[PDB]
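J.:
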Amino acid sequence: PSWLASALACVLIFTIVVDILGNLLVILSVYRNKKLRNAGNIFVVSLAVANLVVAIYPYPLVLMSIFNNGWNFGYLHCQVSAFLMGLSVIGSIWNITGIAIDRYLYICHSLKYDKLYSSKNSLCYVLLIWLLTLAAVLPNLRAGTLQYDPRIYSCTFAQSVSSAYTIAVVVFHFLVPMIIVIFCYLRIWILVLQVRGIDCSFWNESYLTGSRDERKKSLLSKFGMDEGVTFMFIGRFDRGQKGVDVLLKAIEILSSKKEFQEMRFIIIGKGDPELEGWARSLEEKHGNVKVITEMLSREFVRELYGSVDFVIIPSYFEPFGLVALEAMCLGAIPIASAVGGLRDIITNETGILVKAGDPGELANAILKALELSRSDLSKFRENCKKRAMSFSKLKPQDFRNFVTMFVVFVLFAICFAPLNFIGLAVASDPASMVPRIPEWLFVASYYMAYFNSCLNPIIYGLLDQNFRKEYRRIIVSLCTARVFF
Ligand SMILES: COc1ccc2[nH]c(I)c(CCNC(C)=O)c2c1
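Numbering (the authors' numbering), first residue to last: 23 to 218, 1001 to 1196, 228 to 320.
#1: Measuring alpha carbon to alpha carbon, tell me which of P265, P270, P292 and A70 ends up nearest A186.
#2: How would you label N1152, buried or exposed, when you count the other beta carbons within 10 angstroms and need 16 or more for buried?
#3: Whole angstroms are fine: how far does the CA of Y207 sit from the CA of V217?
#4: Is the segment 1027 to 1044 close to the segment 1057 to 1074, with three or more CB pairs under 8 Å?
#5: Is the beta carbon of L46 sitting closer than 8 Å to the one on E305?
#6: Between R209 and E274, which are expected to be in contact by the criterion C-beta below 8 Å, what is the C-beta distance as a whole number of angstroms?
#7: Run through DSSP, which three-state label would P270 get?
#8: Leaving out five residues before and five after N55 in sequence, what residues of the same chain have Cβ atoms less than 7 Å from its Cβ?
#9: How long is the line joining the alpha carbons of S1005 and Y1011, rounded to whole angstroms?
#10: Span of the alpha helix (DSSP H) holding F1037?
#11: Counting only runs of 4+ residues fully inside the segment 60 to 107, write out the alpha helix (DSSP H) ranges in chain order.
#12: With a CB to CB cut of under 6 Å and the five nearest residues on each side skipped, what residues in its chain are close to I1096?
#13: Is DSSP giving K1053 helix, strand or coil here?
#14: Given 8 Å as the limit, is there contact between the segment 175 to 191 and the segment 1157 to 1172, that is, 3 or more CB pairs closer than that?
#15: Using 8 Å as the cut-off, can you tell me whether the segment 1104 to 1112 makes contact with the segment 1086 to 1096, which would need three or more C-beta pairs spanning the two stretches below that distance?
#16: Given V1093, which residues of its chain have a CB within under 6 Å of its CB, disregarding the five upstream and five downstream residues?
#17: Quick check: what's the CA-CA separation for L74 versus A1140?
#18: Closer than 8 Å by C-beta to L106: which residues in its own chain qualify, once you throw out the five before and the five after it? Chain order, please.
#19: Work out the CA separation of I35 and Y147 for me, nearest whole Å.
#20: Is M107 near ligand 1, with its Cβ less than 7 Å from a heavy atom?
#21: Can you have a look at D1049 and say buried or exposed, based on whether 16 or more other CB atoms are within 10 angstroms of its CB?
#22: Between which residues of its own chain and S110 is the CB-CB distance below 6 Å, once the five residues before and five after are set aside?
#23: Could you check if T188 belongs to the surroundings of ligand 1, using beta carbon to heavy atom distance under 7 Å?
#24: Run through the DSSP bridge pairs and tell me what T1151 is partnered with.
#25: According to DSSP, is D1017 part of a helix, a strand, or is it coil?
#26: If you draw a straight line from the C-alpha of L1051 to the C-alpha of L246, how long is it?
#27: Can you check whether the CB of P1138 is closer than 8 Å to the CB of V1158?
#28: Quickly, what does DSSP pair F1069 with across the bridge? List them, please.
#29: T178 by DSSP, collapsed to three states: which one?
#30: Just list the beta strand (DSSP E) runs in the segment 1104 to 1182, keeping only unbroken ones of 3 residues or longer that don't cross its boundaries, in chain order.
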């Protein structure tokens, strides 16, 4: 009805006004604030420009086309209006991809180096982003995918002209960036949780008294076995989670080797009685193996981490694995599975990594660890400690900027996901699926994606305190005249 046409005009009127003033404030704030003037925020200004180009020329033409109830301008006006929209939408999705990579590299650099991360090639990377967006929107002028759609009163990329062109745009410029940005922030969150999880006030070798060699000889004598290269496991007894079974099968491979005599194994945990029986059987057939099913105190586990030479983490799935970080804390060299989180916290210099769910590979890794002499081990324990020491280093940091940039992405994905879903549905059969798709649904998905062009400055002020403070500073400085005497 008549109200629905005027309602869509309100959305555009709001979007145009909020995008012009809002993104002008974002660009002005980055150069008027020292805390927001960092090089890593070149991508924010790049996105702010991308957001602004639609409200100066394409959107005003569309607003007038609602009232006109048709395209009363030229074909060149329809082609340029469409070409600049693509440069904007594809520009903003690849700019969000840029920030996602920048911030993931930031947390990794601050972990590895004492010096602050300085994105030197930032002005270079944005010039490649705009080269990539121009390479994607230009072929639509020659193909003729850009045409006027009366339902949405605009000149855009028609999903029903060429189905090969639409699936390529949906896969390469929506699904490809989405997976890159989702992975980037997923890896950041785990590392922020690992930073939170660790406790250097508890897992500190100050709490331990004597020499490592003395504390080991003492711990081994208590378990009724002489001195040797000791190994430890602390986890639940399960088939496919903590991987206690991979360790037990690997001990059987080693039991025949002459090298097994110079080994000690301290398995700790409860679970499957079948796995509990198998472990108790290897405890009876060999004096090297000691199994502890009972509940152990945080204090005695710290004592264990401190005396034991190696900690085996044969986990199948382990997202955080604070266990390895806690072991490295008190200089225990880990022999862990290459799992997401375990692969993050264990560098090739701070432990020996093995392929998960392989009893043969673990046996060869335990044999590799056995060949390491007292001198070679001392540097590993030093590196393990320096690795755990760099995780607790990032504890007082203000991780609020990551949240804002994440909300930026989350909202973008909400606005465009309906539009890109329709794109694939139309691509399947452009002839039949066009009348088969609801009219309200097509209009709403389009004006949702249009509304996104004004959403970025709103959240910048709402979530990032530095932007809110500078927004007010600009608003006052532009509207508080100077008087004399
Ligand atoms: C590829 O060249 C262009 C040119 C102009 C455009 N205006 C819009 I909105 C888009 C996104 C189109 N996405 C879907 C799912 O239909 C676009 C793309």
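C-beta atoms are modelled at their ideal positions from N, C-alpha and C, and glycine is treated no differently.
T.: Let me spell this out:
#1: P265
#2: exposed
#3: 15 Å
#4: yes
#5: no
#6: Incorrect: roughly 41 Å between the Cβ atoms, too far for contact.
#7: helix
#8: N301 and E305
#9: 9 Å
#10: Careful: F1037 lies outside any alpha helix (DSSP H), inside the beta strand (DSSP E) at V1033 to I1038.
#11: 64 to 78 and 80 to 90
#12: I1072
#13: helix
#14: no
#15: no
#16: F1069, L1086 and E1087
#17: 50 Å
#18: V75, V76, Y79 and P80
#19: 33 Å
#20: yes
#21: buried
#22: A72, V75 and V76
#23: yes
#24: In DSSP, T1151 forms no bridge with anything.
#25: helix
#26: 45 Å
#27: no
#28: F1035 and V1093
#29: strand
#30: 1114 to 1117, 1137 to 1141 and 1156 to 1158
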